[PDB]
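A short reminder: the numbers here are calculations on the coordinates, not readings from a lab. When we count neighbours, we look across all protein chains shown, and the Cβ atoms used for this are built from the backbone with ideal geometry, even at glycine.
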Amino acid sequence: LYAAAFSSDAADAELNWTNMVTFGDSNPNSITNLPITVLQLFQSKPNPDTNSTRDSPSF
Amino acid sequence: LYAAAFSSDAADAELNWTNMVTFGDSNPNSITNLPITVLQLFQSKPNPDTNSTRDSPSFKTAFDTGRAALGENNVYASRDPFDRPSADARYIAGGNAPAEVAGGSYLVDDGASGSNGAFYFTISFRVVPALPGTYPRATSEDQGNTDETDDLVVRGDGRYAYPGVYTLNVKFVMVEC
Amino acid sequence: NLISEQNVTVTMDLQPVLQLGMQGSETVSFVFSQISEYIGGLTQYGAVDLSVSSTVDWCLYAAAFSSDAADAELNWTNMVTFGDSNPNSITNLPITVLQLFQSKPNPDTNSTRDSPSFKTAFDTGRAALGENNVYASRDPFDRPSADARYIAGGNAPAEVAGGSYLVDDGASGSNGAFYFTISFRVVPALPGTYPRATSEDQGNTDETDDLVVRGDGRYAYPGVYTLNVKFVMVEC
Amino acid sequence: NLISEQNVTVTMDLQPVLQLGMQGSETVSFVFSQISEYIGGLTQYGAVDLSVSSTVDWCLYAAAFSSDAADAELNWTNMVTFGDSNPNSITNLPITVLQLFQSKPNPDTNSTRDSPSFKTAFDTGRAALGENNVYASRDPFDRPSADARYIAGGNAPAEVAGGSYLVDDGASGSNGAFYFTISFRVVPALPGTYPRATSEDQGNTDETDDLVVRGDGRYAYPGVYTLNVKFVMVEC
């Protein structure tokens with residue numbers, strides 16, 4: 001069992017949140033390209049069986 | 001495989017959402033006539049085999065923002081959805097001509113299996129009105145696949161959707177090639 | 001054409017979202033302690049900032065109210081009286097004592113009596129009598145008549161298009177027709193009456209309703225009075 | 001790879017939170033009772049203390065206003081007149097008469113005329129004429145021009161980064177660029193004119209707008225006048 005983040009922009013190879021509207025007027029230094037990995041998940045139990053290499057093998 | 005939008009009003013040749021009740025008191029500029037193509041579908045995989053003429057031959061294009069796309073995700077609106085769609089409609093897997101995907105199952109593998117095969121599709125729905133009340137992303141009923149607006153301002157130039165309950169049917173038809 | 005279909009039902013529920021936000025204190029308190037406070041009156045600018053969002057065409061209006069007004073007596077609700085006694089000192093104050101001033105003009109309106117909005121400048125003396133007085137009503141949950149005072153809209157289908165103060169269609173933010181700042185004024189006089197009060201035909205007429213109208217020599221009895229002002233956004 | 005999946009849709013609503021708090025009285029009262037008050041003027045330090053929080057880069061400015069100003073006449077709103085009468089006593093006082101003084105310098109600004117902020121010291125006499133006068137406008141809800149008087153920011157994308165006076169990034173608390181204490185001053189003169197008023201080109205010019213400019217021999221009519229000062233934080 002795993003959890004994968006996704007979006008239509010991600011389906012088009014751009015791992016971003018899908019924008020729908022922009023509150024405000026404007027500013028050049030305001031990009032509507034947010035990373036998908038902004039969200040964080042926390043698990044309840046530990047992983048019963050895992051063998052991974054990088055950082056933590058579970059949430 | 002294709003997806004067709006439908007309703008009883010559509011069965012009576014008027015491609016509209018079926019109203020059930022109206023919230024509020026009243027207003028002359030409030031119509032219970034919404035385009036069927038208001039809904040937008042987004043496909044997961046690209047179309048394995050397709051050859052179309054108008055706009056995009058599938059729902060693979062990403063969910064665009066504002067009145068920019070106008071046709072890349074709108075549902076195929078039809079009044080008689082049991083006949084195979086014409087050569088320029090939007091299929092999910094295949095096309096009007098013998099441009100199709102071979103027979104098989106999502107259970108046994110010939111190449112890839114499971115959700116990686118061409119026998120499994122996940123579809124995302126979107127409906128986006130605008131606070132002016134219209135639907136900027138609706139397209140006209142040429143075939144549901146054109147870059148021509150069908151907002152409520154097209155009907156009256158100053159009307160908004162009348163608050164209430166509306167109902168639409170989406171049927172995913174798997175026809176033989 | 002042999003097929004195998006699966007049908008999903010989409011049930012869209014277009015609810016009538018009307019959202020009026022306020023960026024001021026719920027309680028607006030006038031404390032008349034100084035002589036100048038009595039003679040010149042008290043004014044609080046920008047006491048209420050209304051931000052508007054609506055799905056449908058809307059009309060915004062301000063209606064004054066009170067429990068006494070709910071019982072058909074358009075008066076301030078007394079709570080206590082300071083002092084000992086005087087025959088010519090009545091605790092019956094008119095609701096139209098309060099005056100509101102609007103920041104923007106009314107985008108779309110037509111009316112018959114005086115000004116259809118609170119845009120008029122705060123006049124001095126008993127010269128205006130009706131260009132800023134509140135819409136005093138005993139039942140403010142029905143839409144006001146054609147000659148009342150609306151803040152944004154009118155009785156007829158003279159309204160402003162649905163939208164929000166967040167996203168831009170033309171102008172955005174506080175420049176749009178979806179943001180209004182309202183100033184309050186209450187001005188008594190040294191004799192004790194309220195020269196700027198108007199009679200309660202609809203609150204929008206040039207007929208004075210001072211305490212002398214009640215008794216010809218009456219002044220306000222010192223004490224605590226309470227009045228309600230509700231800003232109603234009603235669909236058109 | 002046969003699977004069975006369940007999908008959740010996450011909808012983050014990034015709203016433009018702009019939060020301006022103040023730790024002073026809403027009503028600031030100037031009571032000129034003694035001769036020295038008329039001659040030297042009245043000054044109140046630390047009348048308001050603005051604390052700022054914002055999601056987006058912002059510009060803070062202070063704009064004077066009134067109902068007369070809302071009707072395109074930048075004047076104090078009169079309410080009552082003390083005295084009997086005199087031909088040379090006009091109740092039309094300039095809005096730019098009030099003077100604001102800032103505590104911190106302007107963190108980032110590029111302006112055209114005179115000073116870009118209220119940081120200059122309270123000068124004595126008709127010597128400064130524009131280094132402290134308020135930005136007087138009839139429509140203060142649209143962003144001021146490139147040569148007006150901002151408090152923290154400017155018309156162009158010259159601004160201060162989003163943040164709060166609570167959490168620290170560099171400095172925190174009252175030492176950051178998110179906290180400003182503002183002093184007020186109004187100085188009349190014994191002749192009755194107001195020598196520190198400037199003409200309303202933008203409220204920021206070295207051209208006097210005394211009552212002698214109106215009439216060359218009129219002094220202020222004793223009475224009660226009211227003016228509004230609104231501190232606006234606008235997005236950049």
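Residues of segment D:1-41 with amide nitrogen under 18 Å from the 7 Å Cα-to-Cβ point of D:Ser174?
D:21-25, by backbone N distance to the label point.
Per-residue mean of other chain beta-carbon atoms within 10 angstrom of the beta-carbon, peptide A:14-27?
6
Listed highest first by mean packing, meaning other Cβ atoms within 10 Å per residue, what order do C:203-209, B:50-56 come in?
Descending mean neighbour count gives C:203-209, B:50-56.
Give the span of segment C:79-236's Cα atoms along each principal axis, as three whole-Å numbers ordered largest to smallest.
59, 30, 29
Determine, from the Cβ-Cβ distance of C:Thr11 and B:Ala68 and an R0 of 22 Å, the FRET efficiency 1/(1 + (r/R0)^6), rounded to the nearest 0.05.
0.20
Residue by residue through D:180-189, how many Cβ atoms from other chains fall within 10 Å of the Cβ on average?
What the average comes to for D:180-189 is 0.
If the elastic network links every pair of Cα atoms under 10 Å, which of B:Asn27, B:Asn145, B:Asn47 fluctuates the most in the Gaussian network model of chain B?
Residue with maximal mean-square fluctuation among B:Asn27, B:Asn145, B:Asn47: B:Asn27.
For every other residue with a beta carbon closer than 12 angstrom to the beta carbon of B:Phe23, add +1 if it is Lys or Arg and -1 if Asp or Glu, then tell me the sum.
Summing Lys and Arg as +1 and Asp and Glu as -1 gives -3.
Ranked from highest to lowest mean number of other Cβ atoms within 10 Å per residue, what is the order of the peptides A:31-40, D:85-94?
D:85-94, A:31-40
Give me D:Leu227, C:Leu166, C:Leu20, C:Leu190 sorted ascending by neighbouring Cβ count inside 10 Å, so fewest comes first.
C:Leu190, C:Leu20, C:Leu166, D:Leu227
Please build a GNM for chain C, connecting alpha carbons under 10 Å apart, and tell me which residue among C:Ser25, C:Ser111, C:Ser67 fluctuates the most.
Answer for the Gaussian network model of chain C: C:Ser25.
About its Cα centre, how strong a charge dipole does segment C:68-208 have in debye, to the nearest 20, once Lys and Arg get +1 and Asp and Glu get -1 at the Cβ?
380
Suppose every K and R has +1 on its Cβ and every D and E has -1 on its Cβ; what is the size of the dipole of chain C about the Cα centre, in Debye to the nearest 20?
560
Between A:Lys45 and B:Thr167, what is the spin-label point distance in nm, taking each point 7 Å from the Cα along the Cα→C-beta axis?
4.2
Determine, for B:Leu41, C:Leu2, the number of other Cβ atoms within 10 Å of each Cβ, and report the residues in order from fewest to most.
C:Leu2, B:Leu41
Would you list D:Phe141, B:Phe125, C:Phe122 from fewest to most Cβ contacts within 10 Å?
Ascending Cβ contact count within 10 Å gives the list B:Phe125, D:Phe141, C:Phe122.
Starting from the Cα of D:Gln23, move 7 Å in the Cα-to-Cβ direction to define the label point; list residues of segment D:171-192 whose amide nitrogen is under 20 Å from there.
D:171-184, by backbone N distance to the label point.
Please report the relative contact order for segment C:149-227, taking Cα pairs under 8 Å with a sequence separation of at least 6, and give it as a percent rounded to a whole number.
Value for segment C:149-227: 16 percent.
About the Cα centre of chain A, what is the dipole size in debye to 20, counting +1 per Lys and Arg Cβ and -1 per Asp and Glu Cβ, all else neutral?
For this selection, approximately 260 debye.
Just checking the output field for B:52-63: average partner chain Cβ neighbours within 10 Å of each residue's Cβ?
Taking all residues of B:52-63 together, the mean is 2.
With n ≥ 4 as the cut-off for DSSP H runs, can you work out [θ] at 222 nm for chain B, using -39500 (n - 2.57) per run divided by the number of residues, rounded to the nearest 500?
-1000 deg cm²/dmol
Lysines near D:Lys104 by alpha-carbon distance under 17 Å, same-chain residues fewer than 8 away left out - which ones?
Those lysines meeting the cut-off are D:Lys119.
What number, rounded to the nearest 500 deg cm²/dmol, is the helix-based mean residue ellipticity at 222 nm of chain C, given -39500 (n - 2.57) per DSSP H run of at least four residues and division by all its residues?
Value at 222 nm, helices only: -1000 deg cm²/dmol.
Which one of D:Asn133, D:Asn75, D:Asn175 has the biggest mean-square fluctuation once chain D is modelled by GNM with Cα springs under 10 Å?
Between D:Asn133, D:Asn75, D:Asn175, it is D:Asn175 that shows the largest mean-square fluctuation.
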